[PDB]
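A.B. asks: Structure incoming, see below.
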Amino acid sequence: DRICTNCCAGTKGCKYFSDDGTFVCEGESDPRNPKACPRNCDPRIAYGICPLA
């Protein structure tokens, strides 16, 4: 709901993917690292298929 996450942020280590059944992009920004962009919105993304989860 009102999701506005993007491949910019996500989580460095998780493979950002969209529930549709297709990959979006790879882990590029850690929650701990300042490498986010709160501007865009990717309603297609669903989660990040990490090696850990």
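For the structure tokens, the naming scheme is as follows: chains receive sequential letters (A, B, ...) according to their order of presentation, residues are indexed from 1 within each chain, and ligands are indexed from 1 in presentation order.
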Once DSSP has gone over the backbone, tell me which residues of chain A are in strand (DSSP E), as an MDAnalysis selection string.

C.D. replies: chainID A and resid 15:18 22:25 47:49

A.B. asks: Just want the 9 Å neighbourhood of stretch 41-48 of chain A, counted on only C-alpha atoms, with same-chain residues fewer than 6 positions away dropped. Output as a PyMOL selection string.

C.D. replies: chain A and resi 1-7+10-11+13-20+23-27

A.B. asks: Please provide as number ranges by chain all residues within 7 Å of residue A:29, with the sequence filter that same-chain residues fewer than 5 positions apart are discarded (counting only C-alpha atoms).

C.D. replies: A: 8-12, 35-36
